[PDB]
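Q: My questions will all concern the structure given below.
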Amino acid sequence: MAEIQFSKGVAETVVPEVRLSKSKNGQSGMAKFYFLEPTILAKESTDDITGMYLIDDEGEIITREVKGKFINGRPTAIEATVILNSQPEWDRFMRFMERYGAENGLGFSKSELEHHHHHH
């Protein structure tokens, strides 16, 4: 039931890429997310996004480090960064990527393959 929401309640079937990277000072670890032609550009404006809600099978993680990627003043891609300052955070990140990657092979859409449910 893992899914990505930019405003909670908005399920995104988009297939964003996942990359791992370190902080600027190389202190705490973090991960980058690439969104290509996301639908959140037709509902809410990019300037209306201040964070992303990652809902995992167990709990959820709140991310406020979100930046939009504009091309020549033409919105088309959005980027997000997750901070892994805490240790137990890695457990959810690895599980989310493991289960999420299994459902979508970075090329398959989450929709269709994942059945929708009335609850949450």
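Order determines the names: the first chain of the structure tokens is A, the second B, and so forth; residues in each chain are numbered 1 upward, and ligands are numbered 1 upward as they are shown.
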Could you give me, as a list in words, the residues within 10 Å of residue 3 (chain A), counting only C-alpha atoms and dropping anything in the same chain fewer than 3 positions from it?

A: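 The residues satisfying every condition are residues 8, 9, 10, 11, 12, 13, 53, 54, 55, 56, 57, 60, 96, 100 and 110 of chain A.
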
Q: Could you write out that same residue set with N, CA and C atoms as an mmCIF file, in the first residue's frame?

A:
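File written: result_36.cif
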data_model
loop_
_atom_site.group_PDB
_atom_site.id
_atom_site.type_symbol
_atom_site.label_atom_id
_atom_site.label_comp_id
_atom_site.auth_asym_id
_atom_site.auth_seq_id
_atom_site.Cartn_x
_atom_site.Cartn_y
_atom_site.Cartn_z
ATOM 1 N N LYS A 8 -1.164 14.549 0.435
ATOM 2 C CA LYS A 8 -1.950 13.516 1.175
ATOM 3 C C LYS A 8 -3.315 13.294 0.519
ATOM 4 N N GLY A 9 -3.573 12.083 0.096
ATOM 5 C CA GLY A 9 -4.881 11.760 -0.550
ATOM 6 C C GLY A 9 -4.707 11.761 -2.069
ATOM 7 N N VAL A 10 -3.639 12.341 -2.559
ATOM 8 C CA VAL A 10 -3.408 12.373 -4.034
ATOM 9 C C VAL A 10 -2.418 11.272 -4.424
ATOM 10 N N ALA A 11 -2.925 10.157 -4.875
ATOM 11 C CA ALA A 11 -2.040 9.028 -5.273
ATOM 12 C C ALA A 11 -1.374 9.337 -6.615
ATOM 13 N N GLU A 12 -0.079 9.150 -6.700
ATOM 14 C CA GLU A 12 0.655 9.423 -7.973
ATOM 15 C C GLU A 12 1.139 8.109 -8.581
ATOM 16 N N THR A 13 0.736 7.843 -9.793
ATOM 17 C CA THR A 13 1.159 6.588 -10.476
ATOM 18 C C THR A 13 2.437 6.868 -11.273
ATOM 19 N N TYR A 53 4.616 13.797 1.327
ATOM 20 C CA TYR A 53 4.232 12.788 2.359
ATOM 21 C C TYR A 53 4.470 11.377 1.817
ATOM 22 N N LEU A 54 5.467 10.706 2.334
ATOM 23 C CA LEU A 54 5.769 9.320 1.877
ATOM 24 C C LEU A 54 5.053 8.340 2.806
ATOM 25 N N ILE A 55 4.044 7.666 2.315
ATOM 26 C CA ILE A 55 3.288 6.710 3.178
ATOM 27 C C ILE A 55 3.790 5.287 2.940
ATOM 28 N N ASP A 56 4.434 4.716 3.925
ATOM 29 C CA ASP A 56 4.963 3.330 3.788
ATOM 30 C C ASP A 56 3.947 2.329 4.341
ATOM 31 N N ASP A 57 4.249 1.063 4.231
ATOM 32 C CA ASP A 57 3.325 0.016 4.748
ATOM 33 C C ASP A 57 3.179 0.156 6.267
ATOM 34 N N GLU A 60 4.903 6.538 8.173
ATOM 35 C CA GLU A 60 5.030 7.529 7.069
ATOM 36 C C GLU A 60 6.167 8.499 7.394
ATOM 37 N N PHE A 96 10.820 0.646 1.779
ATOM 38 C CA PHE A 96 10.002 1.373 0.766
ATOM 39 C C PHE A 96 10.599 1.152 -0.623
ATOM 40 N N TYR A 100 8.652 -0.877 -3.200
ATOM 41 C CA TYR A 100 8.269 0.034 -4.315
ATOM 42 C C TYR A 100 8.931 -0.427 -5.616
ATOM 43 N N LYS A 110 2.751 2.442 -11.381
ATOM 44 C CA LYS A 110 2.164 1.835 -10.159
ATOM 45 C C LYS A 110 0.691 1.492 -10.411
#

Q: Would you return as a list in words the members of chain A that DSSP assigns to alpha helix (DSSP H) on this structure's backbone?

A: residues 88, 89, 90, 91, 92, 93, 94, 95, 96, 97, 98, 99, 100, 101, 102 and 103 of chain A

Q: Residues of region 5-91 of chain A classed as strand (DSSP E or B) by DSSP on the backbone are to be reported as a PyMOL selection string.

A: chain A and resi 5+17-22+29-36+52-55+60-63+66-71+74-84

Q: Using only N, CA and C atoms, please write the residues we just selected to a file, as a compact mmCIF listing (two decimals), in the first residue's frame.

A:
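Listing of selection.txt after writing:
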# COMPACT_ATOMS: atom_id res chain seq x y z
N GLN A 5 2.64 10.86 -1.94
CA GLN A 5 1.57 11.91 -2.00
C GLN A 5 2.20 13.29 -1.79
N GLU A 17 12.54 8.46 -10.79
CA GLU A 17 13.79 7.68 -10.56
C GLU A 17 14.31 7.93 -9.15
N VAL A 18 15.02 6.98 -8.59
CA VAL A 18 15.56 7.13 -7.21
C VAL A 18 17.09 7.08 -7.26
N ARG A 19 17.73 8.04 -6.65
CA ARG A 19 19.22 8.08 -6.62
C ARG A 19 19.69 8.34 -5.20
N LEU A 20 20.80 7.77 -4.82
CA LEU A 20 21.32 7.97 -3.43
C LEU A 20 22.46 8.98 -3.45
N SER A 21 22.51 9.84 -2.47
CA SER A 21 23.59 10.86 -2.42
C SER A 21 23.86 11.24 -0.97
N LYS A 22 24.95 11.93 -0.74
CA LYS A 22 25.31 12.35 0.65
C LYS A 22 25.04 13.85 0.82
N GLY A 29 23.10 11.21 5.77
CA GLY A 29 22.79 10.67 4.41
C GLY A 29 21.45 11.20 3.91
N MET A 30 21.22 11.11 2.63
CA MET A 30 19.93 11.58 2.06
C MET A 30 19.72 10.93 0.69
N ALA A 31 18.55 11.11 0.12
CA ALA A 31 18.25 10.51 -1.21
C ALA A 31 17.55 11.55 -2.09
N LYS A 32 17.76 11.48 -3.38
CA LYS A 32 17.12 12.45 -4.32
C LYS A 32 16.05 11.74 -5.14
N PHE A 33 15.01 12.44 -5.51
CA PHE A 33 13.91 11.83 -6.32
C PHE A 33 13.67 12.68 -7.56
N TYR A 34 13.51 12.05 -8.70
CA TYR A 34 13.27 12.80 -9.97
C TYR A 34 11.86 12.52 -10.48
N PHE A 35 11.08 13.55 -10.67
CA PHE A 35 9.68 13.39 -11.17
C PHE A 35 9.59 13.95 -12.58
N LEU A 36 9.17 13.13 -13.52
CA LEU A 36 9.06 13.60 -14.94
C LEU A 36 7.60 13.86 -15.31
N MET A 52 6.58 16.78 1.00
CA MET A 52 6.01 15.54 0.38
C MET A 52 5.69 14.54 1.48
N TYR A 53 4.62 13.80 1.33
CA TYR A 53 4.23 12.79 2.36
C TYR A 53 4.47 11.38 1.82
N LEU A 54 5.47 10.71 2.33
CA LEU A 54 5.77 9.32 1.88
C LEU A 54 5.05 8.34 2.81
N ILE A 55 4.04 7.67 2.32
CA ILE A 55 3.29 6.71 3.18
C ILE A 55 3.79 5.29 2.94
N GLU A 60 4.90 6.54 8.17
CA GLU A 60 5.03 7.53 7.07
C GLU A 60 6.17 8.50 7.39
N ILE A 61 6.78 9.08 6.39
CA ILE A 61 7.90 10.04 6.61
C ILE A 61 7.54 11.41 6.05
N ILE A 62 7.82 12.45 6.80
CA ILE A 62 7.49 13.83 6.34
C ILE A 62 8.75 14.49 5.79
N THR A 63 8.67 14.99 4.58
CA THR A 63 9.83 15.66 3.94
C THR A 63 9.45 17.10 3.58
N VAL A 66 11.70 20.05 -0.49
CA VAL A 66 11.21 19.76 -1.87
C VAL A 66 11.50 20.95 -2.79
N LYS A 67 12.04 20.69 -3.95
CA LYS A 67 12.36 21.80 -4.91
C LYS A 67 11.79 21.46 -6.29
N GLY A 68 11.30 22.45 -6.98
CA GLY A 68 10.72 22.22 -8.33
C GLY A 68 11.77 22.45 -9.42
N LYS A 69 11.72 21.65 -10.46
CA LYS A 69 12.69 21.80 -11.59
C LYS A 69 11.97 22.42 -12.78
N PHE A 70 12.25 23.67 -13.04
CA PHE A 70 11.59 24.39 -14.17
C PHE A 70 12.51 24.44 -15.38
N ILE A 71 11.94 24.33 -16.56
CA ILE A 71 12.75 24.39 -17.82
C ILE A 71 12.38 25.67 -18.59
N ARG A 74 9.22 26.89 -17.78
CA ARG A 74 8.10 25.98 -18.16
C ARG A 74 8.13 24.74 -17.26
N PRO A 75 7.30 24.70 -16.23
CA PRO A 75 7.25 23.53 -15.30
C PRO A 75 7.10 22.19 -16.03
N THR A 76 7.93 21.25 -15.68
CA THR A 76 7.86 19.91 -16.33
C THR A 76 8.39 18.84 -15.38
N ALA A 77 9.32 19.19 -14.51
CA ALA A 77 9.89 18.17 -13.57
C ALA A 77 9.97 18.73 -12.15
N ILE A 78 9.94 17.85 -11.18
CA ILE A 78 10.02 18.28 -9.75
C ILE A 78 11.03 17.38 -9.03
N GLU A 79 11.79 17.93 -8.11
CA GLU A 79 12.81 17.12 -7.37
C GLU A 79 12.50 17.15 -5.88
N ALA A 80 12.86 16.10 -5.18
CA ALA A 80 12.61 16.05 -3.71
C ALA A 80 13.82 15.42 -3.01
N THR A 81 14.12 15.88 -1.82
CA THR A 81 15.29 15.33 -1.07
C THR A 81 14.83 14.85 0.31
N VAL A 82 15.23 13.67 0.70
CA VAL A 82 14.83 13.11 2.03
C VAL A 82 16.06 13.05 2.94
N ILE A 83 15.93 13.55 4.13
CA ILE A 83 17.08 13.54 5.09
C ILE A 83 17.00 12.30 5.98
N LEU A 84 18.07 11.55 6.06
CA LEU A 84 18.09 10.33 6.90
C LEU A 84 18.97 10.59 8.13

Q: Excluding same-chain residues fewer than 5 positions from region 101-106 of chain A, what lies within 8 Å of it counting only C-alpha atoms, as a VMD selection string?

A: chain A and resid 15 to 17 113 to 114

Q: My list of candidates is A:40, A:28, A:72, A:93. Which is closest to residue 58 (chain A) when distances are computed with only C-alpha atoms?

A: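 When distances to residue 58 (chain A) are compared using only C-alpha atoms, the smallest one comes from A:93.
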
Q: Which residue is closest to residue 6 (chain A)? Choose from A:95, A:64, A:24, A:116 and count only C-alpha atoms.

A: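 With only C-alpha atoms as the atom set, the closest residue is A:64.
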